[PDB]
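Chemist: once you've seen the sequence and the experimental structure below, I've got questions.
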Amino acid sequence: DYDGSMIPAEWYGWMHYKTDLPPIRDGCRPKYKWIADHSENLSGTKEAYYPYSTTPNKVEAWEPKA
Amino acid sequence: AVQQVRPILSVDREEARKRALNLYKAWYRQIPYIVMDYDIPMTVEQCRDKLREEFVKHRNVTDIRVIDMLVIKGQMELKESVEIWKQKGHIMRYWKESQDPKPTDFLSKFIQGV
Amino acid sequence: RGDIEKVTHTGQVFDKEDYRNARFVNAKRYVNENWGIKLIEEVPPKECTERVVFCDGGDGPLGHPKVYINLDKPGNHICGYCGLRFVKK
Amino acid sequence: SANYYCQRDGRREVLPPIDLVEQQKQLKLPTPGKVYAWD
Amino acid sequence: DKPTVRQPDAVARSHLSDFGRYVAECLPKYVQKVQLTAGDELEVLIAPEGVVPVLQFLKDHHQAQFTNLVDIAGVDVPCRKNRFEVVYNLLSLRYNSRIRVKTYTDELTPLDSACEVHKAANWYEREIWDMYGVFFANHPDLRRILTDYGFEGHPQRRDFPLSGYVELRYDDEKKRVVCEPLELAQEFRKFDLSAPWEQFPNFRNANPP
Amino acid sequence: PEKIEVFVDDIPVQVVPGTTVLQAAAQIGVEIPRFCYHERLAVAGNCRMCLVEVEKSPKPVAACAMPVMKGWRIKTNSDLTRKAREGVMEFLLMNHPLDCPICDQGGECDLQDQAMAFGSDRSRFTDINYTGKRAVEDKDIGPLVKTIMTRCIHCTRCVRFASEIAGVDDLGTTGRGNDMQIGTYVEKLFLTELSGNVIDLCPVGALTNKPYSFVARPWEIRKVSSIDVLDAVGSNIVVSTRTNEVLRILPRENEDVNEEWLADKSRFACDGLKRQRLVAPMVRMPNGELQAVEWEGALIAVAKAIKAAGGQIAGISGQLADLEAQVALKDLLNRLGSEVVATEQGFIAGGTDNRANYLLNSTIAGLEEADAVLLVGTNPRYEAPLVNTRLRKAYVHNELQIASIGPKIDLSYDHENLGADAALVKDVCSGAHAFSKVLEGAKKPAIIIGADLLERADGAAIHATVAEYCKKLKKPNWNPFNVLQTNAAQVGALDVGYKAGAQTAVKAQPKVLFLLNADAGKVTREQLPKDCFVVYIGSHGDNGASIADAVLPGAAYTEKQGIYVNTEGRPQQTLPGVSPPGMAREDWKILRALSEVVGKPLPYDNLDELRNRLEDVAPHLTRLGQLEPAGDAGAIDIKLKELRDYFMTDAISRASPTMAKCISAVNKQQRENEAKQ
Amino acid sequence: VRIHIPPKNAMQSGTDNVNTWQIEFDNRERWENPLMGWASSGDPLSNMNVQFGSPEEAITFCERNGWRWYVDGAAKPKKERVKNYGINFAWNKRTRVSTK
Amino acid sequence: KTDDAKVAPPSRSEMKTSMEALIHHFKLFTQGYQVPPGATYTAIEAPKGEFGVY
Amino acid sequence: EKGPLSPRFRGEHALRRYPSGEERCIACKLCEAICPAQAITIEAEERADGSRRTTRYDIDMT
Ligand code: SF4
Ligand code: SF4
Ligand code: SF4
Ligand code: FES
Ligand code: NA
Ligand SMILES: [Zn+2]
């Protein structure tokens, strides 16, 4: 099940010749606490994405009960 | 309020009336061929009505130049239909079959919404 | 699942009766966990001495435009762009 | 210094089309340009 | 002295100015106006009837020899009474020059086809009829060239909605594609890109009445 | 006098002597850049952006302030003028705080647009890397106006406006040199009904709308010219819309009515249209609660009441009601035979006979020329601020003399208080009173009487005396008598044939009652017969809905094209910027539809068909944006005297979250003030 | 079809963007998009806008295409305004400014 | 690029620093630049032939 | 094996954030206005802490 998308971003540049320096040999890589582990492209799966509006509705309807 | 202009195809309403009838001839002759050469539900009598129905749309037209243009465009479609450049879909486009009726009465439109 | 009822940082969520949850029965609802409102709140303010200071996002040309802030008021002052807080004491 | 935009700028220097017939009145046969041997 | 400003080509400007007048004398009946554009390009504004004469003159005269017809652009301007303008871009290989001939027509009035002079305008005129609705009399066979068969209207008129009136979809009842009134998931979001401050003062007083 | 000759860019012009260079160039069509000059504020020469060359003069002359002198050759687009403008832009843009991405004015900013058009492209300010720019502390001016003073360019538009138009004199300039700052020395609230207009004067993003903060950008907006209805003045409006929502409301220029100003209640009602809104038809179940139901069900449920009512029907127009909806309500009730069609506001009996009895016969523009004004039971500073703005304009310029009859108030300018006694009005009419001499001498006297007083029981006598007195003061082409209305619905209703006063409907004891946008508390469920069916047709669920037996949702003024008649009599048309929410429909559509289920279809099925019915009842109502002169007209206590009472007067306003903050803010300051003392 | 002059932006002093007459169609319905919540509409002409030099041309264009039209009242040319500077410093008049 | 920042966007580093660069960047991207009224026909020797844009 | 590419390569989109963790985007909407395809939709609101931020940021990759 190897995919082109299993390559983590650490090595991604080195693998596409964007750089000649592997991640071990460079100290310019950041280590922020909010970085996330890699993931496949999940399509045709129960783990896939699905878009949704990110805004709560604007107009409030008058409540007769109170 | 009149102005001098260059004629399109005809010089008189009578000539324009003469041209329009010819377009009716050629279409009315052509319906039997269109039914055979197009895989469409409509029959000759139904189509021959559609020809009558639409020539009636432009019932109140008066300007000869406008009548010329309708006959220029009207003729262009016939050549595109005498030929089969127009595909099966395009011919049935004259009926708007997909669009379902929209009621006209006020109460129905109000309930259905704008 | 859990993700359906999770409320995003923008404050939106489909009601438990809303039909629009139907879209998630065969998929997931990624709600980001690194809420910016809390991470910036975590970073403590920077005490200064001068009356006005500048923040550029921290990395010059890779940061945001250089803006200057005036620290005369008591309350610690937020940068418009990065959200960092400054204070004079 | 001495870099005022009012000189360097080109947009504000374009003028409307010039009317050839009138601008004489207010003021070998001709050819569109120079002959070329396209043969 | 100033690198950013483009340098005008005076020698090419000089020839076009004089030859521009030359046309004005040879064709008084048709040439309404001759003007040298800011791009050092010559424009010859003719009456609607002088299309075939003027085009013939430029192609056949020794001095003109504008043998090569490059384009026929149509421009719609609802403000004007004769809203449709038609522009011919001609090239003269022997003299290495370009000239523009413009003419104006209404929605209905026909425009004399120039297939004769330059029969490269066989399709260009077909396009103009299709896109704008300008009819060309004496054309070999005028007919839509770009739009769909049975497409109603003329899309490039400024009075035509961008998205058109009807979309296409496939209807499995009818086993064919059907046309329905247009329905966009997201509207075309306009942007009001209008500057409140005039920037080009040279054109403020231009074109006196 | 005689036109003076002056040449701007070598084009001759004729100007009356005294005209400024800036105005003279306007006639040609040349717009000199400006920051401090504003057409409706006192002239100042702070910005120096308007500098312009003059042939044979030692130095540039400020166009805004220089009065034209004969023979001059002004040179707008010369090399010297261009260099001057570039210099000032290079000067203005040193200390501007580099905030365009986070600045509300972006895409709408004068400092941006004039920088492109005239300023230079580079920046010579090398000193960013050594000492930095300037940064100024922020000010807490109130809940309506956000304040980021670092962006101020010290144009003093705000200061001049607050001192001259609003007349508050709470804003000002402190310090000198670079350390100059604009704002209150001690933190205060800039409390004025006209406070919003500052947000439009400040050409940069220093002062800006707080409720609207960050909501959108200019280029996105689709502008929809409309009118305001929260106030009787009928000010023109441009409702900014983007993707089916009203973002803000801006003043549209209209010399005769609006004057580019706009009272706050109009400016901050856009929040009220997003709260407590009616979405679906609702019906009283047998238990007593309301449940939402479909339209076909609701109209049939109401239809049962109408048939069982048997002619004892009455209607009550509301505050935000529409002319077209009001006419439908009248026709529908006439088809049933009923004639009890009233409004909420009471009025002099028999007053609808003459159209001059309930209008500002002196047009809104006409007041600014006034010379002696008598305000009877009217606080125009709050009842209708845009009129007060005109009175102050006369007071500053035309040397207006003012007097009052009622409780002591402040109008934002000096005025005499004759006392609150009822008998005063007969004294002034009788000529015995001292101020009576003032009115009989002035060349443009006017008498303004609040519409509230006329509703009072005494009103008929009071309306008679002043309407009798005006005929003496009446001067060629001037109609002194003036009634000041407070509802956009009232004038239209009386103009169509409605009776006045909600008691015209209670006195009929109807078994069915229509509350068309009638959200005042004037009617109560006790006063109704115990067998009654209240049908409320409105936008916002409020006390009006709280009593209703069958609530039908209507559309608010931003989602319905409707005619409104402002106080002076101008008919004006709203346009729908936003689709109505939920299953809401236009007000007249319901009544037009409700006749079907009752059986008496109305003559019209489209707006144009409806409008022609108005064209037959009152021909002038069709001629939009016009006025028809009406010729002759044939202890006082006031509501709405405090600023606290100004914000909460309408259903839309009462539902506004913003106006809740303003009420708390005004109360907050008062609580703190007494605490310190 | 509404013939009108585009409204000047109150938040600016420039005017050269209101030097035309325009046509804009009725403001037909829009609704929230069920999937993503965008604004949706089935109103092709609602997107439309054309510019003209005078209402007479605008009416002429509207008649030639069969549209129903109505013209907003052309803004009357602004009355002359004095705008003198010296009056800001007046001896007995109220125009004297208390600020500067 | 040509120097004129009123036609061409300015450098990013200058955008973060100088006020004029930020205004021009803001306007060149939202509103774009104003081209003087006029018409032109330029053509080139595109590989297919003469490619022109009126 | 795959590539080669260059650091300028244009691919899938992503909203960065500051090293603090706070999102960089301030809902200036320049990106929306310049997008030739109008593929971007942004709705911004005054955040609880009072910072200019987006409550919506959608890209229609199709
Ligand atoms: S006022 Fe705002 S938009 Fe205008 S230049 Fe200043 S920061 Fe930029
Ligand atoms: S706050 Fe605004 S209006 Fe007042 S002086 Fe400063 S820039 Fe001018
Ligand atoms: S709105 Fe777009 S351009 Fe502006 S900060 Fe956010 S991502 Fe960048
Ligand atoms: S507009 Fe004249 S100095 Fe400001
Ligand atoms: Na402002
Ligand atoms: Zn920062």
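Modeler: Yes, it's here. Residues are numbered from 1 along each chain as shown, chains lettered A, B, ... in the order given. Ligands and ions are numbered 1, 2, ... in the order given.
Chemist: the strands in chain D, which residues?
Modeler: Remark: strands assigned in chain D by DSSP state E are D:18-19.
Chemist: so which other helices or strands are in contact with the lengthiest helix in it?
Modeler: Across chain D, the longest stretch assigned as helix under DSSP state H is helix D:20-25. If contacts are counted by 3 or more Cβ pairs under 8 Å, 6 or more residues apart in numbering or on different chains; DSSP states H and E, helix D:20-25 sits against helix E:10-26, strand E:31-36. Where C-beta positions appear, they are placed from N, C-alpha and C, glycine not excepted.
Chemist: out of these, nearest to residue A:17?
Modeler: Closest to residue A:17 of the helices and strands packed on helix D:20-25, according to Cβ to Cβ: helix E:10-26, at 49.0 Å.
Chemist: can you tell me if that closest one touches chain D.
Modeler: Yes - Helix E:10-26 reaches chain D (Cβ under 8 Å from any Cβ of the partner chain) through E:12, E:15-22, E:24.
Chemist: wait, residue I:13 touches residue I:59, no?
Modeler: Yes - using Cβ atoms under 8 Å, residue I:13 is in contact with residue I:59, at 5.6 Å.
Chemist: look at those two and report which has more neighbours.
Modeler: Neighbour totals were compared for residue I:13 and residue I:59, and residue I:59 leads with 15 against 11 (other Cβ atoms under 10 Å in any protein chain shown).
Chemist: Throw the residues of helix E:10-26 next to chain D into a markdown table and include neighbour count and distance to residue F:655, thanks.
Modeler: Converted to a markdown table, those look like this (neighbours: other Cβ atoms under 10 Å in any protein chain shown; distance: Cβ to Cβ, whole Å):
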| residue | neighbour count | distance to residue F:655 |
| --- | --- | --- |
| E:12 | 16 | 70 |
| E:15 | 17 | 74 |
| E:16 | 24 | 70 |
| E:17 | 19 | 71 |
| E:18 | 14 | 76 |
| E:19 | 22 | 74 |
| E:20 | 23 | 70 |
| E:21 | 15 | 74 |
| E:22 | 19 | 76 |
| E:24 | 15 | 72 |
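Chemist: ok, the nearest residue to residue C:66 once chain neighbours are set aside to residue F:544 distance?
Modeler: Excluding the flanking residues, the one nearest residue C:66 by Cβ to Cβ, 6 or more residues apart in numbering or on different chains is residue C:56, at 4.5 Å. Going from residue C:56 to residue F:544 by Cβ to Cβ, to the nearest Å gives 56 Å.
Chemist: my read is that residue E:86 contacts residue E:100, right?
Modeler: No - if you go by Cβ under 8 Å, residue E:86 and residue E:100 don't touch, sitting 11.0 Å apart.
Chemist: name the residue most distant from the centre of chain E?
Modeler: Taking Cα atoms, centre = their mean as the measure, the residue most remote from the mean C-alpha position of chain E is residue E:173, 44.4 Å away.
Chemist: that residue and ligand 1, how far apart?
Modeler: Using Cβ to the nearest ligand atom, to the nearest Å, residue E:173 is found at 55 Å from ligand 1.
Chemist: number of nearby residues for residue A:49?
Modeler: Count around residue A:49 with other Cβ under 10 Å applied: 13.
Chemist: interface residues of chain G facing chain E?
Modeler: So chain G meets chain E at G:9, G:12-17, G:30, G:33, G:35, G:38-42, G:44-53, G:57, G:60-61, G:64-65 (Cβ under 8 Å from any Cβ).
Chemist: please pick the buried ones from those.
Modeler: The neighbour count (16 or more other Cβ atoms under 10 Å in any protein chain shown) marks G:9, G:12-14, G:16-17, G:30, G:33, G:38-42, G:44, G:46-48, G:50, G:52, G:57, G:61 as buried among the residues of chain G next to chain E.
Chemist: so which of the residues you listed sit within strands?
Modeler: G:39-40, G:50, G:52.
Chemist: spatially central residue for chain D, please.
Modeler: When Cα atoms, centre = their mean is applied to chain D, the residue found nearest the centroid is residue D:18 (8.4 Å).
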